[PDB]
Structures are given as structure tokens and as C-alpha cells.
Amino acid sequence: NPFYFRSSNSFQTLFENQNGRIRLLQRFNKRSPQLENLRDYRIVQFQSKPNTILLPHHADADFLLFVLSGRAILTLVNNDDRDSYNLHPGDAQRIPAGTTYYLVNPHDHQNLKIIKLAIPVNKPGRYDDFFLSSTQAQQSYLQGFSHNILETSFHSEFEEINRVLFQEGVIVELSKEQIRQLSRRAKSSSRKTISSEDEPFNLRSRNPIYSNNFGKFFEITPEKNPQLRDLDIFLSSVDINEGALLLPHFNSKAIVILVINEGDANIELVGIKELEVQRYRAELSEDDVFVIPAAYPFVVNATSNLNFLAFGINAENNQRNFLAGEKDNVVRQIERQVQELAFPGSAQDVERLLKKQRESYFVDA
């Protein structure tokens, strides 16, 4: 379905060396017009083996990075300082546009998987990367000027610079000592960084809204943390035990991008035929990206212990309506005399029915 992007069908390898890879999922709207309100958005997948580093670079696009697995040290250099942040799994952080930064995986046995929602600033849904370093894959951007102008600004004869400023591509392994070094400075998300409009925040920290023996629903919102406010986006980490299932529901106005972080699952989407109804389903493996419109009912059935993260675009004052179950049940709030009219079934017929499934949010399937 236009809403299912196969991690093997819709990714573009930006980089991959014996230390990792970097891919850019196609442009939502480029693939299908139905997702025209996602044009200025791109999903990026970053992975770096243990003991490596992303080389200093900056891009004309905002980044909301999320740490799915492993660890990492995110460092942002400013024109007057620099901040090294300690990012644990589930930790999130906003990396402004045109901000130079490097990534270090200070681990020895755990790979690092990280997803980033990209908000380009010049051309919609299209952005570039500007790497400072000079390598066999990329030429630093400094080398785009003339020897004379570089000569002048740096105060040195070109020769002296082209020898000091102009190593395998952009992902290189540091060394425990190197590693250890560039680390202590690092701050770290905490039990007191939800509101801080700069510090890193972890979604999987506060008690999850929908938690029940067959799964859990983690989410933080624009009204909760300022970084998300500026973007008007909510984030949700959902754990669903194999067998269990997410009761049918829909988002009031927020457009959702979900990315299976691990496991496999099933999804049903019911949108009107372009009056007949229509479904869109797909099995979801690891790394696939599914996008659920707004007010389009969907279900996620976990065919094996699963957890996926979801980006909620257009999330302010969003409301999640559950069609089945007890808590947050919408049809269950529709006056009886109307449930009567609404469906072909005795007023009670509907009622008693509605109160069979006695579990909230996640039921066993």
C-alpha cells in the first residue's frame, strides 16, 4: 500500500563502510501524492559498530535524532563552545540546522542504531551534508574555494594547508583511549530534562500511558517538552508482546510515521475508497516504515515480540480514539438511542456486545 515503505524497497544508501551505513528513505510524497503533507520530511537510519565516530559535518536540515539501540556520544560544536551529550537507548534530542556535530559509539560490543526525522531548510524534503573532514569518499567543503582565498583567510600558503587539511570515508573507528577521551565532557538526559529546552530527554522514562500485560504504550507530547513544541511532533515507543494486538483506534489530527525498531507485526488501515471502504495491510519486518494518515483507523498485530517508534506530525492537542475495548472507547460514548440508529441492531444488542472485551488498549489475539 502507498503507506508501506519496504526497508529494502524505499531506502537509499548514503554511506556504508566496514564501520556502518547511512540510508535515506525516499520522499513520502515522491512515491504517492496521498502523502503530500509529508514533503518536507525524510527519515534517516544511522548505524555504527562499537568504537567508531561520525566525522564533523552539518546539514541544511533540522534533525530530531532518536537512539533506538546501543549507546553513543553526540557532540555539537558552536561558534563559541560545544556540547557533548550522553545518549542512552530511548533518549531523544534536537539537533538544530547548520549545526556541526560528530557521533561516537563508546561501546565495545554493541552496535548503534539511530533514526532521525529530517526537516530540510532550503528545498522541501531535500537536504545536503557538509563534511569538514577530508576523506577518500568526501572532499571537505573547505576545498571548494580557491587556493588564493583559502590562502588569505587561513593566513598560509596553500601548500601548507593542502597538506594539513586535505582515512577511510566518514565513519572511522577511534580507539578506547581516543574514545574515553572525547567522552567525560558528555552530559546526559535525566529525570529532570523533559522540559529543559536543550538537554536530551528519554521517552521511555515516564510511566507509559497505556500499559497492560500484553504490551505498553510510551509517548511524550509537544505540550510536555519544548523541543517537540518547536516542531509540533510527539514521539512514542511502543512495546507489544508476541501474540498481543493494539486495539483499533485512530489519531485525531496527528499524521503518524511508525518505524519497526525490532520484531515483526501486522497492520490494517481503513481509508475510504476514492461509498465503499478500503483496507491497506502489510506484514512489518525490521526497519520498515509505515505511515498512518490522520483519522484513518489502523491496527498493529504483533506476530512476534515487537516494538516500534512513531513520529507524530501535527500533534498538538491530538487525541487517540480507541474503537474497541473499555477505556477511551469512542463508539461506547455514543448515546444509546443513536447506537440504535447507527447500527442495525437492538439498542442493547450493541451495548452488551461492546462490553465483552474487558481489556483496555492491548488485548491478547
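Residue indices: 1-based, along the sequence shown.
Counting the unmodelled positions of the deposited sequence between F145 and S146 gives zero. Per the record, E274 and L275 are separated by a gap of 10 or more residues from the deposited sequence that were not modelled. Between the stretches 11 to 19 and 337 to 345, it is 11 to 19 that shows the larger average CA temperature factor. For the pair 145 to 153 and 179 to 187, the mean B factor over Cα atoms is greater in 179 to 187. The PDB entry gives the largest Cα B-factor of the residues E283, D232, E219, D129 to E283.
Between the residues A254, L246, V238, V170, it is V170 that shows the highest Cα B-factor in the PDB record. In this PDB entry, the Cα temperature factor of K30 sits in the top third of its chain's modelled residues, the highest group.
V104: CA B factor in the middle third of modelled residues in this chain (values from the PDB entry). Sorting the modelled residues of the chain by their CA temperature factor places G70 in the highest third. In the deposited entry, the Cα temperature factor of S133 sits in the middle third of values across the chain's modelled residues. Sorting the modelled residues of the chain by their CA temperature factor places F214 in the highest third.
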